[PDB]
Each structure stands twice: as structure tokens, then as C-alpha cells.
Amino acid sequence: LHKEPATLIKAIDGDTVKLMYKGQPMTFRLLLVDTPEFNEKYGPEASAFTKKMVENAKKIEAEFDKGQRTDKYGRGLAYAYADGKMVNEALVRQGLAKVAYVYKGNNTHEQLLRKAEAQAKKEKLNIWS
Ligand SMILES: Cc1cn([C@H]2C[C@H](OP(=O)(O)O)[C@@H](COP(=O)(O)O)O2)c(=O)[nH]c1=O
Ligand SMILES: [Ca+2]
């Protein structure tokens, strides 16, 4: 896989963000994770965590997987990086997202995220408290 440039347009919630990608506005949904909705427990904390991570970043990148690049709602499906740190993995490592929606052939980073979830579970963080 490879990282491509994007710029933040706007934070949305824990697992969606609006980025400009190849000069066009798009909503991205973060691969292989599920944050709580804003109206659910830890939803606001998840939203805040992703917002801080993407707004503070000097460089955002979007990394597509091998499979579909858009979902049925027209959202881009990617791993997103903020100054080289993966947002998807960071949300999981902090107990703010579960590994989820693992579809065949868009799952390159599955085991990396599962290792992060296991550690957030051990530390009984947030969702795992
Ligand atoms: C993360 C992800 C979500 N989706 C679809 C599945 C779910 O459909 P349904 O809307 O039919 O439940 C939905 C969950 O996204 P949200 O968690 O953003 O609601 O998005 C994909 O198709 N591919 C993906 O990789
Ligand atoms: Ca969600």
C-alpha cells in the first residue's frame, strides 16, 4: 500500500473525516474500525480524539487498501495518517474504537489493529472499562 496526500476540510466524528483528496472534497470512513456514534457512550470522546489528531497534523495522508475504495454511501475507505501516525490504529489502541467491518481483501492492517485492541483491552481503556 501507499500513502497519498490529502488535506483536512473538517472533522466529522470518531471514524469519519472530510478530506480534500486529489483536489475534491470527500467524506472518508476509516477502515477496519467502529467508533461509537456521537450520541453513544464514548462517542464524544472518540470524536474529540480524531478531531485533535487530524486538526493538529501538519500532514494528513490517506492510504487505500487493495479492495473497494468507496463504500455504498460514497465515502472513501482508507487508513488515515496524521504526521505518519495511523488514526485508525490510534483510536483502537486508546479503547475509543473496536476493530470491525473486516471485509475480505480490504484488510491489510487487520492484525496490526487487532494487536492494538488486545492491548487496550488489557489496559481496560475507555470502551473496555
Ligand atoms: C467501515 C465500512 C463500512 N461500510 C458500511 C457497512 C455499514 O452499512 P450499514 O449502514 O448498512 O449498516 C456501514 C457502517 O458505517 P458506520 O459505522 O459509519 O455507520 O458502512 C462498508 O461497506 N465498508 C466498510 O469498510
Ligand atoms: Ca460508527
# chains A, B, ... in the order shown; residues from 1 in each chain; ligands from 1

call {"tool": "closest_atom_pairs", "arguments": {"of": "chain A", "to": "ligand 1", "cutoff": "6 Å", "atoms": "only C-alpha atoms and all ligand atoms", "output": "Markdown table"}}
result
| residue | atom | partner | partner_atom_place_in_ligand_line | distance |
| --- | --- | --- | --- | --- |
| A:29 | CA | ligand 1 | 1 (C) | 6.0 |
| A:31 | CA | ligand 1 | 1 (C) | 4.9 |
| A:32 | CA | ligand 1 | 1 (C) | 5.7 |
| A:34 | CA | ligand 1 | 17 (O) | 5.6 |
| A:71 | CA | ligand 1 | 22 (O) | 4.8 |
| A:77 | CA | ligand 1 | 25 (O) | 6.0 |
| A:101 | CA | ligand 1 | 1 (C) | 5.2 |

call {"tool": "write_last_selection", "arguments": {"atoms": "N, CA and C atoms", "output": "short mmCIF file (atom, residue, chain, number, x, y, z; two decimals), in the first residue's frame"}}
result
data_model
loop_
_atom_site.label_atom_id
_atom_site.label_comp_id
_atom_site.auth_asym_id
_atom_site.auth_seq_id
_atom_site.Cartn_x
_atom_site.Cartn_y
_atom_site.Cartn_z
N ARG A 29 -14.42 7.24 5.48
CA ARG A 29 -14.74 6.35 6.61
C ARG A 29 -13.49 5.51 6.88
N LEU A 31 -11.12 2.64 7.61
CA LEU A 31 -11.15 1.18 7.51
C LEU A 31 -10.95 0.48 8.84
N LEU A 32 -11.68 -0.66 8.96
CA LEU A 32 -11.43 -1.71 9.95
C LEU A 32 -11.73 -1.25 11.39
N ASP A 34 -14.70 0.85 14.31
CA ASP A 34 -16.04 1.40 14.57
C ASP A 34 -15.95 2.17 15.85
N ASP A 71 -17.39 3.26 -0.27
CA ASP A 71 -18.48 2.42 0.16
C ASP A 71 -19.81 2.80 -0.51
N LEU A 77 -12.84 4.83 1.58
CA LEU A 77 -12.47 3.84 2.61
C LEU A 77 -10.97 3.83 2.63
N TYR A 101 -15.96 -4.42 10.86
CA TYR A 101 -16.15 -4.28 9.42
C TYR A 101 -14.94 -4.80 8.65
#

call {"tool": "residues_near_ligand", "arguments": {"ligand": "ligand 2", "cutoff": "8 Å", "atoms": "only C-alpha atoms and all ligand atoms", "output": "ChimeraX atom specification"}}
result
/A:14-15,33-37

call {"tool": "write_last_selection", "arguments": {"atoms": "N, CA and C atoms", "output": "CSV table (one decimal), in the first residue's frame"}}
result
chain,number,residue,atom,x,y,z
A,14,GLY,N,-15.8,10.2,15.3
A,14,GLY,CA,-14.7,9.4,15.6
A,14,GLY,C,-14.1,8.7,14.4
A,15,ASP,N,-14.9,8.3,13.5
A,15,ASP,CA,-14.4,7.4,12.4
A,15,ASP,C,-14.7,7.9,11.0
A,33,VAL,N,-12.4,-0.2,11.6
A,33,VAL,CA,-12.8,0.3,12.9
A,33,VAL,C,-14.2,0.8,13.1
A,34,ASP,N,-14.7,0.8,14.3
A,34,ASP,CA,-16.0,1.4,14.6
A,34,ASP,C,-15.9,2.2,15.8
A,35,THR,N,-16.1,3.5,15.8
A,35,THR,CA,-16.3,4.3,16.9
A,35,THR,C,-17.7,4.4,17.3
A,36,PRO,N,-18.1,4.7,18.6
A,36,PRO,CA,-19.5,4.9,19.0
A,36,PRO,C,-20.0,6.2,18.3
A,37,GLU,N,-21.3,6.2,18.0
A,37,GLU,CA,-21.9,7.5,17.5
A,37,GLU,C,-21.7,8.5,18.5

call {"tool": "select_by_dssp", "arguments": {"residues": "chain A", "states": "strand (DSSP E or B)", "output": "VMD selection string"}}
result
chain A and resid 3 to 13 16 to 21 24 to 30 33 to 34 60 to 63 70 76 to 82 85 to 86 98 to 99

call {"tool": "residues_around", "arguments": {"residues": "region 1-6 of chain A", "least_positions_apart": "4", "cutoff": "7 Å", "atoms": "only C-alpha atoms", "output": "number ranges by chain"}}
result
A: 19-21, 60-65

call {"tool": "write_last_selection", "arguments": {"atoms": "N, CA and C atoms", "output": "PDB file, in the first residue's frame"}}
result
ATOM      1  N   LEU A  19     -12.011  15.137   3.904  1.00  0.00           N
ATOM      2  CA  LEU A  19     -10.691  15.496   3.416  1.00  0.00           C
ATOM      3  C   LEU A  19     -10.752  15.923   1.975  1.00  0.00           C
ATOM      4  N   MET A  20      -9.822  16.795   1.578  1.00  0.00           N
ATOM      5  CA  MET A  20      -9.663  17.004   0.134  1.00  0.00           C
ATOM      6  C   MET A  20      -8.633  16.029  -0.437  1.00  0.00           C
ATOM      7  N   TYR A  21      -9.042  15.252  -1.428  1.00  0.00           N
ATOM      8  CA  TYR A  21      -8.244  14.177  -1.940  1.00  0.00           C
ATOM      9  C   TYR A  21      -8.273  14.322  -3.448  1.00  0.00           C
ATOM     10  N   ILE A  60      -1.618  15.268   6.541  1.00  0.00           N
ATOM     11  CA  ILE A  60      -2.539  14.153   6.539  1.00  0.00           C
ATOM     12  C   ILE A  60      -2.275  13.349   5.273  1.00  0.00           C
ATOM     13  N   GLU A  61      -2.377  12.032   5.395  1.00  0.00           N
ATOM     14  CA  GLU A  61      -2.288  11.158   4.231  1.00  0.00           C
ATOM     15  C   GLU A  61      -3.435  10.147   4.289  1.00  0.00           C
ATOM     16  N   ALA A  62      -3.824   9.656   3.111  1.00  0.00           N
ATOM     17  CA  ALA A  62      -4.852   8.635   3.006  1.00  0.00           C
ATOM     18  C   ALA A  62      -4.254   7.473   2.279  1.00  0.00           C
ATOM     19  N   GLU A  63      -4.473   6.288   2.833  1.00  0.00           N
ATOM     20  CA  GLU A  63      -3.884   5.103   2.257  1.00  0.00           C
ATOM     21  C   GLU A  63      -5.039   4.181   1.898  1.00  0.00           C
ATOM     22  N   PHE A  64      -5.218   3.875   0.608  1.00  0.00           N
ATOM     23  CA  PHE A  64      -6.286   2.964   0.257  1.00  0.00           C
ATOM     24  C   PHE A  64      -5.771   1.539   0.406  1.00  0.00           C
ATOM     25  N   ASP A  65      -6.717   0.607   0.572  1.00  0.00           N
ATOM     26  CA  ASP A  65      -6.370  -0.810   0.574  1.00  0.00           C
ATOM     27  C   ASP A  65      -6.519  -1.403  -0.825  1.00  0.00           C
TER      28      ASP A  65
END

call {"tool": "select_by_dssp", "arguments": {"residues": "region 76-107 of chain A", "states": "helix (DSSP H, G or I)", "output": "PyMOL selection string"}}
result
chain A and resi 87-93

call {"tool": "residues_around", "arguments": {"residues": "residue 110 (chain A)", "least_positions_apart": "2", "cutoff": "10 Å", "atoms": "only C-alpha atoms", "output": "list in words"}}
result
residues 31, 32, 33, 89, 99, 100, 102, 103, 106, 107, 108, 112, 113, 114, 115 and 116 of chain A

call {"tool": "residues_around", "arguments": {"residues": "residue 48 (chain A)", "least_positions_apart": "4", "cutoff": "8 Å", "atoms": "only C-alpha atoms", "output": "count of residues only"}}
result
4

call {"tool": "atom_distance", "arguments": {"atom1": "CA of residue 53 (chain A)", "atom2": "CA of residue 91 (chain A)"}}
result
9.9 Å
